[PDB]
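Residue numbers (the authors' numbering), protein chains in the order written: chain B, 20 to 409; chain A, 283 to 900; chain E, 126 to 167; chain F, 177 to 264. Even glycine gets a Cβ: it sits at the ideal position worked out from N, Cα and C.
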Ligand SMILES: CCCCCCCCCCCCCC(=O)O[C@H](CCCCCCCCCCC)CC(=O)O[C@@H]1[C@@H](NC(=O)C[C@@H](CCCCCCCCCCC)OC(=O)CCCCCCCCCCC)[C@H](OC[C@H]2O[C@H](OP(=O)(O)O)[C@H](NC(=O)C[C@H](O)CCCCCCCCCCC)[C@@H](OC(=O)C[C@H](O)CCCCCCCCCCC)[C@@H]2O)O[C@H](CO[C@]2(C(=O)O)C[C@@H](O[C@]3(C(=O)O)C[C@@H](O)[C@@H](O)[C@@H]([C@H](O)CO)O3)[C@@H](O[C@H]3O[C@H]([C@@H](O)CO)[C@@H](OP(=O)(O)O)[C@H](O[C@H]4O[C@H]([C@@H](O)CO[C@H]5O[C@H]([C@@H](O)CO)[C@@H](O)[C@H](O)[C@@H]5O)[C@@H](OP(=O)(O)O)[C@H](O)[C@@H]4O)[C@@H]3O)[C@@H]([C@H](O)CO)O2)[C@H]1OP(=O)(O)O
Ligand SMILES: CCCCCCCCCCCCCCCCCCCC(=O)O[C@H](COC(=O)CCCCCCCCCCCCCC)COP(=O)(O)OCCN
Ligand SMILES: CCCCCCCCCCCCCCCCCCCC(=O)O[C@H](COC(=O)CCCCCCCCCCCCCC)COP(=O)(O)OCCN
Ligand SMILES: *[C@@H](O)[C@@H](COC(=O)CCCCCCCCCCCCCCCCC)OC(=O)CCCCCCCCCCCCCCCCC
């Protein structure tokens with residue numbers, strides 16, 4: 020039931036899962052335009068631009084092939100990506116939902132059987148950090164919006180290591196469980212102008228404050244057959260989530276085409292817990308560079324329906340921020356998507372395919388090639404309509 | 283053989299030829315089918331058919347008549363000239379009912395959808411008949427609306443509702459199958475009670491009649507529970523708006539039931555006495571699709587040898603006083619069995635008074651007090667398992683000498699005695715203190731043709747104001763299986779997660795050596811996400827059958843510290859649902875579990891599963 | 126027409142969703158209705 | 177359901193002429209139009225405002241010293257005040 024299979028999820032708080040809704044994830048996270056039917060969870064100011072109530076749900080089916088200097092393996096994971104609700108309230112906008120901050124998952128087996136007296140290990144990990152958010156956006160101007168949100172982080176990360184010698188039948192199983200909880204605040208703004216005829220200049224700025232995460236660790240060692248487990252004293256460690264600054268800018272004509280770029284930078288953080296402390300692994304600042312956009316042939320078309328589908332594409336280069344064996348781990352990928360609008364309604368079905376490469380095989384590291392297929396549902400309906408003619 | 287060709291419409295001033303052609307949906311070159319043509323023009327089999335006639339009659343054209351005429355027939359190709367007689371628009375002028383000998387007019391006139399001064403509509407007449415039949419005081423086969431004083435020139439029509447009274451009293455004999463077990467209810471109901479004339483003994487024929495108030499004395503039972511209740515409901519509280527006021531007094535005896543093995547131990551049971559009052563009214567703001575529900579209830583639980591799971595005070599009693607408020611918005615339509623559009627959002631919150639704040643009692647130090655330590659209440663000196671004297675009034679402790687185990691006197695050193703868990707739990711749960719929040723979101727949309735997509739997301743949270751007191755052992759969530767409605771009065775909720783057995787995903791006791799390992803204690807948190815694709819094969823009033831495909835994922839958690847909303851048990855499958863008015867809702871589903879059941883040694887998929895239910899087991 | 130199923134409207138009484146069970150089964154088998162149908166079939 | 181009350185009352189004051197309940201029917205007809213005008217679509221608010229004035233005049237013409245004169249006078253104040261917004 021894990022969300023990831025990458026061994027790199029062991030370090031830090033796990034692999035960053037949420038990267039935007041399918042409508043924006045298919046554009047490499049570029050959300051410069053102030054949409055009226057889609058939710059831009061990463062920027063609270065977008066909540067004010069909503070025109071109708073929006074209900075979003077998304078899921079993905081990931082396929083990855085882990086490669087190392089020894090061999091290669093294939094892994095597949097299926098998960099639920101998000102659940103968000105947007106409600107337009109006059110000039111204000113309110114949004115609340117649940118998104119996965121990070122995920123921990125890996126199933127490594129070191130088979131040393133067939134040789135008496137050889138220890139076999141079965142490393143496994145599960146859990147992650149989830150986020151609950153509540154944001155409010157306000158339209159300071161018809162095309163200028165500002166907003167803020169509060170996010171509560173909560174989750175449990177459990178790491179289990181079972182070792183069994185070839186001869187004996189009773190092995191040991193050490194398990195580490197950490198419960199994390201904390202809150203953070205985000206601020207954002209979006210400004211849209213008109214540079215040329217029918218061409219607009221979209222700008223968006225978002226800032227996330229640093230947050231403190233409280234982790235309650237519990238480490239216990241169990242041996243097969245023995246009914247009394249050996250438990251270590253409980254410990255409490257403090258983690259610091261780094262601050263994020265997302266800058267976006269793009270040019271394009273609304274409902275016709277859009278081209279934009281986004282730059283995301285993270286500050287200093289402390290994601291090293293008691294169980295993931297290593298000497299060959301360090302940390303650096305996260306930095307993401309992405310270019311994406313969309314193209315709609317003819318939104319108001321009555322002859323062909325394929326012209327009304329929003330075609331999205333994007334490129335992305337991310338510096339995860341961890342240096343393993345003196346090698347910076349970076350992720351490079353391309354994304355493609357399409358938004359099919361249900362006839363007669365603003366609701367649409369989003370489909371996207373993302374493929375890329377994370378890590379490298381050099382310095383005895385692991386390289387991951389992934390091809391993820393995602394589906395998203397965006398439902399829109401107009402509420403709060405008063406009925407006259409008393 | 284004959285082929286259709288050159289279909290034209292005459293006399294269609296309101297609707298253009300292009301709009302009608304789409305409604306008819308007959309193209310040139312198709313085989314000549316007389317039945318198909320008449321069905322598309324005027325579907326007499328059903329009153330809600332999508333025909334051209336219904337298009338005109340539903341918009342005030344009472345005198346509309348559509349008749350097809352074959353113009354030419356050459357080269358095996360037949361040509362039709364659909365003739366439409368629109369006629370003048372008509373409005374409702376006088377609406378009166380006749381035949382009500384025992385029912386007041388205000389009760390019937392308030393349920394008529396054909397308001398005077400509105401354009402004639404066949405849907406309103408059909409809806410009015412349905413609403414009049416829902417009352418139950420009249421004959422379902424004699425609700426005949428008769429048109430009177432029809433004035434085509436003036437464009438006004440008068441409707442007279444001829445009703446046949448058949449007695450307000452009714453007998454209820456219903457049955458259903460949910461949660462893997464049959465459930466039946468039997469009761470007598472008086473749907474035309476009048477509380478105004480309660481003290482008036484002059485009019486007491488089979489209870490005072492008049493207002494549309496309803497009083498019912500029903501009995502519901504299953505394998506593990508039996509409940510007797512008396513309920514009073516006021517459909518229109520205040521007389522101005524359809525505000526529902528309901529009260530109920532019930533007594534239930536719930537036995538200990540193991541949903542896994544479907545076995546009931548009749549020796550362990552508890553009795554619940556509940557009194558509830560509720561007020562529900564449709565809100566006008568923010569919109570007319572919002573409904574506010576409020577309720578106040580008082581319950582008294584009487585445990586009788588109920589020593590199971592987290593219930594250590596098997597011979598005590600608990601009292602629950604809670605207030606529940608719920609906001610719901612529903613705009614679904616049009617058929618409740620097979621919705622094609624709309625959504626339903628519901629948020630509820632049940633809260634109890636915060637007794638822990640005002641009463642100065644330390645629930646954490648209860649186990650370290652003399653009053654909560656095991657003691658010998660006898661008055662005769664006895665001998666413990668250790669072979670030593672146990673004088674009356676001395677504290678005791680449990681010691682295992684050789685194979686057998688027993689109590690051993692500790693003297694007056696209460697600090698070394700065993701804490702009485704039964705007394706501590708009783709003090710902690712003497713007055714239930716908790717808060718329950720439930721969130722549900724259901725959305726319906728048409729993808730292509732008759733196929734509709736349904737998205738369902740449910741959340742449930744149970745907690746306590748003081749962590750030292752602990753979460754109450756009642757009002758818990760059980761996930762997995764076919765699911766069952768909230769028939770029990772203890773707050774237990776059974777959630778359906780196809781592809782897995784009943785209550786198979788509920789957290790279990792993992793203490794191993796607690797003497798109760800493997801027992802299902804209940805979950806405090808639960809979240810289910812489901813997606814379905816349904817296709818209707820028949821949507822008639824006699825029988826509504828539709829097929830469905832689903833993709834579900836859900837999980838239950840014991841505490842908030844273990845809440846992982848994205849660690850779910852996934853499943854997939856297909857099912858068939860049939861609804862008949864006499865036989866109720868029947869459903870058969872086949873789901874495949876992609877995950878292993880909790881507590882399983884091997885991480886292997888659960889596999890295929892079969893679920894059968896009767897009724898709305900939500 | 127009486128057997129047709131319709132959603133609640135502005136003129137229909139509001140349903141209380143925050144109360145315990147009423148000892149009734151929604152959309153369940155109605156034996157009284159079955160008995161009435163059998164009589165008509167005789 | 178003020179829209180249906182106007183039609184129902186119009187027929188009653190016509191099908192049963194010379195009745196002691198006419199005074200009450202006249203007032204309720206005015207109230208039905210008053211509530212329908214004060215809360216109605218702004219497109220046809222003027223039409224309903226005029227109907228309210230007509231109903232008020234009929235009530236006063238029937239019995240000048242009507243029992244509902246105090247309430248009727250107050251209702252007409254709102255109609256006249258709101259009518260000034262449409263004084264094109
Ligand atoms: C808004 C909407 C509505 C919601 C409303 C909620 C918001 C309001 C605020 C609520 C918070 C209130 C908390 C509270 O307070 O009230 C609590 C009650 C609250 C009631 C609320 C009612 C709500 C009503 C709702 C109505 C609805 C209509 C109870 C409590 O209190 O429980 C506390 C528990 N918290 C919970 O349970 C909450 C629960 C949550 C429950 C509520 C969930 C509600 C959700 C439902 C809503 C859903 C709606 C849809 O969380 C969880 O379930 C998980 C998370 C939940 C996930 C939610 C998911 C949502 C999903 C939604 C999906 C849609 C807490 O955990 C920590 C966290 O708490 C919350 O978060 P978390 O829990 O982490 O999650 C905070 N805050 C939060 O907001 C989190 C909220 O969830 C957030 C809400 C989220 C809402 C989401 C909304 C969604 C809907 C919206 C949609 C849009 C977090 O802040 C944070 O970071 C987080 C953040 O920033 C805060 C702000 C966040 C706000 C969010 C904004 C909103 C945003 C929303 C949108 C984004 C914070 O990190 O642990 C405490 C334990 O502390 C004590 C104790 O109990 O006394 C004292 C400790 O000492 C301290 C100290 O003193 O300082 C503590 C630290 O400071 C630290 O420094 C520490 C050092 O490390 C020590 O080394 O020291 C220590 O003991 C030591 O202290 C003494 C001292 O001197 C120190 O030296 C020593 O004395 P001495 O030596 O003499 O000097 C003692 O030793 C003596 O004694 C010992 C024995 O002898 C004695 O014997 C026994 O007795 C002892 C007694 O003490 C026992 O009584 C035992 O303790 C002993 O162990 C022992 O067994 C011997 O020991 P030994 O040596 O032998 O070992 C020893 O020898 C010697 O004798 C001992 O050593 C400890 C012991 O170790 C445990 O064993 O025990 C508990 O007590 P507390 O102290 O009072 O806090
Ligand atoms: C979650 C539990 C807490 C819920 C609390 C409910 C709050 C009650 C609000 C009562 C309504 C406000 C009072 C004034 C009503 C008159 C209308 C004017 C108000 C207003 O400006 O907003 C209108 C619509 O929003 C409104 O009228 C306000 C919207 C209220 C919030 C909507 C969401 C409620 C919670 C349900 C969501 C969760 C699902 C469960 C059902 C838009 O008016 P306009 O178009 O003229 O624009 C205004 C520009 N001039
Ligand atoms: C938080 C739970 C624990 C604490 C308990 C909270 C108790 C809340 C207060 C009690 C509820 C009664 C008061 C609100 C209802 C009165 C409204 C009268 C009916 C009505 O027509 O509604 C209009 C606005 O309604 C409205 O009032 C719209 C808003 C109604 C919903 C707001 C209540 C909370 C909803 C969320 C519940 C779930 C919580 C989840 C955490 C007011 O019109 P008018 O009467 O002036 O006439 C003018 C037009 N008719
Ligand atoms: C490996 O052994 C195999 C499992 O083998 C089996 O035993 C077969 C399992 C049973 C197959 C299904 C039987 C029922 C037929 C109907 C299927 C349901 C279709 C529903 C479509 C419409 C929605 C209602 O393993 C597999 O077969 C692997 C399965 C991987 C599936 C990956 C694709 C799932 C979709 C990804 C997105 C997540 C879904 C939610 C989308 C909305 C977002 C909220």
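| Which of helix, strand or coil DSSP assigns to residue 578 of chain A | strand
| request: Check the Cβ-Cβ distances between residue 724 of chain A and every residue of chain B, and say whether any is below 8 Å. | output: no
| field | Exposure label - residue 135 of chain B; buried when at least 16 CB within 10 Å | value | Exposed: under 16 other Cβ atoms inside 10 Å.
| What's the call for residue 369 of chain B, buried or exposed, on a 16-neighbour Cβ count within 10 Å? | buried
| Cβ of residue 173 of chain B within 8 Å of Cβ of residue 845 of chain A? | yes
| task | Run the CB neighbour count on residue 737 of chain A, radius 10 Å, all protein chains shown included, and call it buried at 16 or more, exposed below. | result | buried
| request: Quick one: which residues of the region 113 to 146 of chain B get their C-beta closer than 8 Å to a C-beta of chain A? List them in chain order. | output: 117, 119, 122, 145 and 146
| At which residues does the beta strand (DSSP E) containing residue 893 of chain A begin and terminate? | 889 to 896
| Taking three-plus beta-carbon pairs below 8 Å as touching, is the region 62 to 71 of chain B in contact with the region 171 to 190 of chain B? | no
| With 8 Å set as the bound, which would you pick, yes or no: does the beta-carbon of residue 404 of chain B sit closer than that to a beta-carbon of chain A? | Among the CB atoms of chain A, one or more fall inside 8 Å of the CB of residue 404 of chain B.
| task | Compute the distance between the beta-carbons of residue 377 of chain A and residue 308 of chain A, then report whether it is under 8 Å. | result | no
| Beta-carbon proximity of residue 104 of chain B to residue 116 of chain B, cut-off 8 Å | yes
| Residues in the region 383 to 399 of chain B with C-beta within 9 Å of chain A's C-beta atoms, listed in sequence order? | 396 and 398
| said: Beta-carbon within less than 6 Å of residue 310 of chain B's beta-carbon, same chain only, minus the 5 sequence neighbours each way: which residues are those? | reply: 280 and 334
| Do you know how far the Cα of residue 477 of chain A is from the Cα of residue 770 of chain A? | Here the alpha carbons of residue 477 of chain A and residue 770 of chain A stand approximately 29 Å from one another.
| query | How many Å lie between residue 107 of chain B and residue 514 of chain A at the Cα? | reply | The alpha-carbon of residue 107 of chain B is positioned some 40 Å away from that of residue 514 of chain A.
| field | Proximal residues to residue 26 of chain B (C-beta, below 6 Å), its chain only, five neighbours per side dropped | value | 125 and 385
| chain F partners of residue 399 of chain A, CB-CB under 8 Å? | 179, 180, 182 and 183
| query | What residues in its chain sit with their C-beta under 8 Å from that of residue 411 of chain A, if we drop five residues either side in the sequence? | reply | Within the same chain, residue 411 of chain A has close Cβ partners 425 and 427.
| Limits of the beta strand (DSSP E) - the one that residue 289 of chain B falls within | Element bounds for residue 289 of chain B: n/a, residue is neither H nor E.
| task | Would you mind telling me which residues of chain F sit closer than 7 Å to residue 376 of chain A, beta carbon to beta carbon, in chain order? | result | 187
| request: Spell out a yes or no on whether the region 598 to 617 of chain A and the region 581 to 589 of chain A are touching, meaning 3 or more CB-CB pairs, one atom from each, closer than 8 Å. | output: yes
| task | Assign residue 95 of chain B to buried or exposed, taking buried as 16 or more other Cβ atoms, counted over all protein chains shown, within 10 Å of its Cβ. | result | Under this definition residue 95 of chain B is an exposed residue.
| message | Can you check whether the C-beta of residue 164 of chain E is within less than 8 Å of a C-beta belonging to chain A? | response | Not one chain A Cβ lies under 8 Å of residue 164 of chain E.
| query | Are there 16 or more other CB atoms within 10 angstroms of the CB of residue 687 of chain A, so buried, or fewer, so exposed? | reply | exposed
| Cβ contact check for the region 320 to 332 of chain B and the region 301 to 308 of chain B: 3 or more pairs under 8 Å | no
| field | Coil, strand or helix - residue 382 of chain B by DSSP | value | Look at residue 382 of chain B here: in three-state DSSP terms it is helix.
| task | Establish whether the CB of residue 174 of chain B and some CB of chain A are separated by less than 8 Å. | result | yes
| query | Relative to ligand 3, is the shortest distance from any of its heavy atoms to the C-beta of residue 380 of chain B smaller than 7 Å? | reply | no
| Would DSSP call residue 221 of chain F helix, strand or coil? | Helix.
| said: Taking 8 Å as the limit between beta carbons, can you name the residues of its chain near residue 402 of chain B, skipping five residues before and five after? | reply: 71, 72 and 106
| Range covered by the alpha helix (DSSP H) that runs through residue 187 of chain F | 178 to 191
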